[PDB]
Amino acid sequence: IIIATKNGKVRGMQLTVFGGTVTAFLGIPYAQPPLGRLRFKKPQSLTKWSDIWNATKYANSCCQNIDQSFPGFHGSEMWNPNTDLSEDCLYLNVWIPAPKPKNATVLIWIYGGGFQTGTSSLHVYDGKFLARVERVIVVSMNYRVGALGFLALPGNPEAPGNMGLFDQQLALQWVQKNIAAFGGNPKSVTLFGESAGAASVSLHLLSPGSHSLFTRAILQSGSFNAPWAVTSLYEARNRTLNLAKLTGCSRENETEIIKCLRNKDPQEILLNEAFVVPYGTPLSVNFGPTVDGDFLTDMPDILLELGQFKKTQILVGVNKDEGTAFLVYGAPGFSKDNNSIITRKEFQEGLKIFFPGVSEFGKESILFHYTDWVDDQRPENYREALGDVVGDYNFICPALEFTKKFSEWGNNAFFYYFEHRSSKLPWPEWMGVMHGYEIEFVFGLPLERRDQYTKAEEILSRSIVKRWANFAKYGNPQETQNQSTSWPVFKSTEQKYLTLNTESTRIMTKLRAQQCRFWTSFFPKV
């Protein structure tokens, strides 16, 4: 229960899972805490310790603003931090099977949260089930978010940008140098993440310094080519300066400003982080990944178009109702407490919320493409139309476009369409299969019969858990034993994908073909 690592020994704890044992190492540091002079800087390597580090509780979560739109509501508060917020926050967790495996495949989770929020200690990121059921090692890390993680003065090493991405990268190399001591195989490492974590995974495929740190990639409801995923260098410096003025650190040496921001307290930075965005939407990434010339050597849409990425297998997918989650955070006429039937005027007001800096012609083209009804008389026409708009534009169509262009360079790609609505889902039914609510099924939470899931959900999570693990281990996300539907590869031509539900798992073709031709081919012009 004590493992010797390259920086010192760590003590774990035993866990009882499904009549078996999993050994958990919660809260292993992987960098010098980025405090004082080290704020906004790339993570510094960690120096030796001679103690026995007790890794028996989740460590701090990094500083972040917290969702307060629904106090006391589990649907929003399950995503909020469940440990103390602190700049001292670069730690990681390890779940290994008991008894110690000999050469186990490693799954590295990268959480999402719009690059502004998130923590690895969330209940739905508990990797003890995957270690128990599939005999893999699960690793997750905290990375810096918000301004503290992605504030950028491009070229300036006091604030170069992409610090959170380098946090992730340093965790990946920790697994490279250390996971063998835990019985893991550093040569079979599979990254997987959701939303902003899925966008991080896709950027690790593009950044050269990470190509040796992992084997395969899984992308859940996100990719770097999504419109929220990358901050342009214009936007990047404009928001850094807005933050500088908003806290009285405005100056003209550019290191000037960083040293002044370095002595403000974290809560002041977090307070003014919220307002640096000129055209703010619920999907706005206040401080995100930039083209920094270090992690990102070029504009990532160019690298993807010209095949400049790690050649390997990918598993990509999306949920049925990606967009609904965001409609009750700003769209008029929407509420989680009624059926949110909205009118045409409310739909048009919703597009101005989600596309504030867009042409009036652009907004009409959105309404033109999405308001051709099979039924002029269905009252929920506009309600669902706005949800599909936000989902197709921000998540579904960028993920499909990333998969085609990645597969065009010869690698096996697998695409899924998750359409099961959790039986325990706390949000209303009109929101459907929401953004982020496949995560629990991936992590095997319905396998716990103690916790209120239907038996069909147990079998569905059990099959997903096998497909994900077979993808990590073997690069082929099949369930080979129980007469399952064979998951075909995604090709540029036929574009086959697998649907995941409790009823019938089916092969289908060309997901959202018409909608995505609008968003990917035409809309980038307006």
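Numbering starts at 1 and runs along the sequence shown.
Looking at 336 to 344 and 160 to 168 together, the entry lists the larger mean B-factor for 336 to 344, computed on C-alpha atoms.
The stretch 151 to 159 shows the higher mean C-alpha B-factor when 186 to 194 is compared against 151 to 159 in the entry. Per the deposited record, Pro379 carries the highest C-alpha B-factor of all listed residues (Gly387, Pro379, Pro398, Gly436).
The residue among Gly118, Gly391, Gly127, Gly248 whose C-alpha carries the highest B-factor in the deposited model is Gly248.
In the PDB entry, a CA B factor belonging to the lowest third of its chain's modelled residues is recorded for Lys510. Looking at the C-alpha B-factors along this chain, the one for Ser422 belongs to the middle third. Annotation for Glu440: CA B-factor lies in the lowest third of the chain's modelled residues. Sort the modelled residues of the chain by CA B factor and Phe295 lands in the middle third. Ranked within its chain, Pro81 lands in the lowest third, by CA B factor from the PDB record.
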